[PDB]
Visitor: 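Once you've had a glance at the structure underneath, I'll fire off some questions.
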2 protein chains.
Amino acid sequence: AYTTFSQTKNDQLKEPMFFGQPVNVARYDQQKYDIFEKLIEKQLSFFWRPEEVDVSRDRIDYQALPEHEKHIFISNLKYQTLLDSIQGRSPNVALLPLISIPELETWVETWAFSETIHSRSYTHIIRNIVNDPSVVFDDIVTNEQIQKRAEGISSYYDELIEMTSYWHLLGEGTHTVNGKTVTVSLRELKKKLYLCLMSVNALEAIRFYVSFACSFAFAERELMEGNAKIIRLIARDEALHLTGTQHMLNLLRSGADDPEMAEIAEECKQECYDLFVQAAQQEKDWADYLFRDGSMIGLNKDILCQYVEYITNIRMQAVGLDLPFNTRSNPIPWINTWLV
Amino acid sequence: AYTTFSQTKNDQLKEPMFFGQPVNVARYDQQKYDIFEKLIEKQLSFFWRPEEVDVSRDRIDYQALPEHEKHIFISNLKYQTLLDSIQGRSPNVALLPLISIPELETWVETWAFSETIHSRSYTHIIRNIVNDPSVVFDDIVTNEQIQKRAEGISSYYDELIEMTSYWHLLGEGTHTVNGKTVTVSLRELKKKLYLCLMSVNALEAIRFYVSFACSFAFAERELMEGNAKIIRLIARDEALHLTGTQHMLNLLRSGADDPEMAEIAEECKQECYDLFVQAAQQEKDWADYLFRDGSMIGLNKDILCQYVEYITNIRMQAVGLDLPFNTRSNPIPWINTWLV
Ligand SMILES: [Fe+3]
Ligand SMILES: [Fe+3]
Ligand SMILES: [Fe+3]
Ligand SMILES: [Fe+3]
Ligand SMILES: [Hg+2]
Ligand SMILES: [Hg+2]
Ligand SMILES: [Hg+2]
Ligand SMILES: [Hg+2]
Ligand SMILES: [Hg+2]
Ligand SMILES: [Hg+2]
Ligand SMILES: [Hg+2]
Ligand SMILES: [Hg+2]
Ligand SMILES: [Hg+2]
Ligand SMILES: [Hg+2]
Ligand SMILES: [Hg+2]
Ligand SMILES: [Hg+2]
Ligand SMILES: [Hg+2]
Ligand SMILES: [Hg+2]
């Protein structure tokens, strides 16, 4: 029941962010939430081209890196590549079919587009530091530790997409599909979308930042400067992306949008909390693999764990959740000079 | 059965453009088809911001225009706005769930993104020429003469999307849903995709170009010059978009990407031909409504009717279809000053 151009003349200012009438005319002279228009304008002002960044010396730096440092650097890069591969397509496939206001529709498409630029930058880096990129790219898919760290991301998007298709095809109700009873509940679909957004928020807010810390650890010793310039630019984009998710989530919580979403945000509060705790544990577990061949000065399992707890508390506080970790000061204040 | 990250390590150089394993890793160091990477590169190199175009004098030009000319200009602009509203979201929602090679996936997202910029440019123009943009935007959804084509375009996308959901959810076969038999055929889905792509090719290559003639006719008179600059940038992007659909269609019908698709194309060849003529006829009938109160310097019902046949022959020939109209040289070579 999805349509690329709804024929009903509706007041886009009164539609809910999600699950309302699909957007027909794309207009930007007015908006229900100006924050999304501001985010679009910001992201567009940040447009950058990866191939323009000089990465000619990163090859020399990487090649001369001790083996364990190569492992750390490349493992981190592979995870970043995984995230943006997923983030380039997922917002469009999973969220686009559910948006009912133009500013949010275009923000999602712009956001997704910016992630494809990130992916293009990783190819730019990879192709210029290793002889055979295929070894790196192929490993992203088969690496058990990389997929264990990311487990839950694609699966959540996939479930939401499947539930969305059932909704658009059959509508609300209890149906009989090939002899099996299938329930299509919009409230349940709203819950899935809501928790998906919270998961994406955690991906943006924590997963990416942990990886930035590892990238900039090399920038601190004046190595991989081409990669550093790129990660700085990517970080600037991710900051906008997480601002977008924090606002979507907090606006839904406010009850100023779909009233049902406000009820859902409250009822599912523990699930929100749980997914953050789970994501944090995954990031921590990754350290055992990251430093399997040795650590670096200022970058090891303990420092990584402290940073995960540090940033997780900040991000959870930002969306109204209790803090699961002991409070602490930034374990790696040097990261500030690289962010924003 | 769609996934945002297929867990199987596959050779992306050997997958078909569509219906293969969903793209997992986004890489750009290699490609099955170079054209899509080159198109991505070109499109990124053409990035532009509408707000940077001075449209301060279009206001007075528009007010000074005779009433029938205001109708011509605004009706045309409304149609362009409709086309890009649909094109900003549809390639993403309709094609992403079916693409199996990374270069094509990112091209589609880049292409769709470029369309959102176009939509933003129309808002820039409209808000600077009428005082109350709402009157213009609302008429787009309700305008009888416009919605004719709108529904026809949306239909192809909407049906493809619906059939794609059934395919991902139930797979091929004869299923039952609430007492009704629902048959899912990959062959029929492929035909749907082919028809849809041909329709988009006609939209990109014919519908847009007819509107460009309508727009640049004013530019020739040094009127609505801000609009002219924007449409010129839009036409530059559209040339890339049509290049992309022409390659997709030609690769699908030759049989080098998927034998079944080549077989289907030949099968529904007559349908495709009438599909194109129909689209041309619609643009013709439109030119009518456009001049139902008079003509202007350089454009009228007949000259526009001639341009439609001229461009249609060229575009249809490009994708292996017979020529429906008598051959002639360009009716308005002056338009070349503004096109690629
Ligand atoms: Fe990213
Ligand atoms: Fe992001
Ligand atoms: Fe366009
Ligand atoms: Fe286009
Ligand atoms: Hg999500
Ligand atoms: Hg998600
Ligand atoms: Hg890391
Ligand atoms: Hg780290
Ligand atoms: Hg829940
Ligand atoms: Hg919550
Ligand atoms: Hg810790
Ligand atoms: Hg299509
Ligand atoms: Hg289509
Ligand atoms: Hg026209
Ligand atoms: Hg025209
Ligand atoms: Hg056909
Ligand atoms: Hg056709
Ligand atoms: Hg004619």
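In what follows, every heavy atom counts, from backbone to side chain, and hydrogens, waters and symmetry copies are set aside. Order of the sequence lines fixes the chain letters, A, B, ..., with proteins taken first and strands second; residue numbering starts at 1 for each chain.
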Visitor: Between B:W48 and B:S121, what is the shortest heavy-atom contact and its length?
Guide: CH2-CB, 3.7 Å
Visitor: Should the pair A:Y33 and A:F36 be assigned to parallel (<30°), tilted (30 to 60°) or perpendicular (>60°) ring geometry?
Guide: perpendicular
Visitor: For B:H118 and B:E238, run side chain to side chain donor-acceptor pair (under 3.5 Å): C-alpha distance rounded to whole Å, both residues' side-chain angles, the deciding distance at 0.1 Å, then the answer.
Guide: CA-CA 10 Å; B:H118 297 179; B:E238 294 315 315; 3.3 Å; yes
Visitor: Indicate the ring-plane relationship of B:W111 and B:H241, choosing parallel, tilted or perpendicular according to the 30° and 60° boundaries.
Guide: tilted
Visitor: Which of these passes side chain to side chain donor-acceptor pair (under 3.5 Å) with A:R27: B:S119, B:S134, B:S85?
Guide: B:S134
Visitor: If you look at every heavy atom in A:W338 and A:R232, which pair is closest and at what distance?
Guide: CA-NH1, 3.1 Å
Visitor: Tell me whether A:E37 is salt-bridged to B:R120, with the criterion being a basic N under 4.0 Å from an acidic carboxylate O.
Guide: yes
Visitor: Looking at B:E52, I want to see if its CD is surrounded by more than 12 non-hydrogen atoms of other residues, nucleotides or ligands under 6.0 Å.
Guide: no
Visitor: Could you tell me whether B:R89 and A:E109 make a salt bridge, using a distance below 4.0 angstrom between a side-chain N and a carboxylate O?
Guide: no
Visitor: Would you mind checking if A:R187 and A:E260 are paired as a salt bridge, meaning a charged N to carboxylate O distance below 4.0 Å?
Guide: yes
Visitor: Just checking, A:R315 and A:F276: is the charged tip under 6.0 Å from the six-membered ring centre and within 45° of the axis?
Guide: no
Visitor: Count the heavy atoms belonging to other residues, nucleotides or ligands that lie under 6.0 Å from NZ of A:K78, then report whether that count exceeds 12.
Guide: yes
Visitor: Are A:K191 and A:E188 close enough for a salt bridge, meaning some N to O gap below 4.0 Å?
Guide: yes
Visitor: Is it the case that over 12 heavy atoms from other parts of the model lie below 6.0 angstrom from the CD atom of A:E172?
Guide: yes
Visitor: Taking A:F47 as the fixed residue, which of B:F113, B:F47, B:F46 is the one that meets the ring-ring contact (aromatic ring centres under 6.0 Å, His included) rule?
Guide: B:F47
Visitor: Are B:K192 and B:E159 ion-paired here, with the side-chain N under 4.0 Å from a carboxylate O?
Guide: no
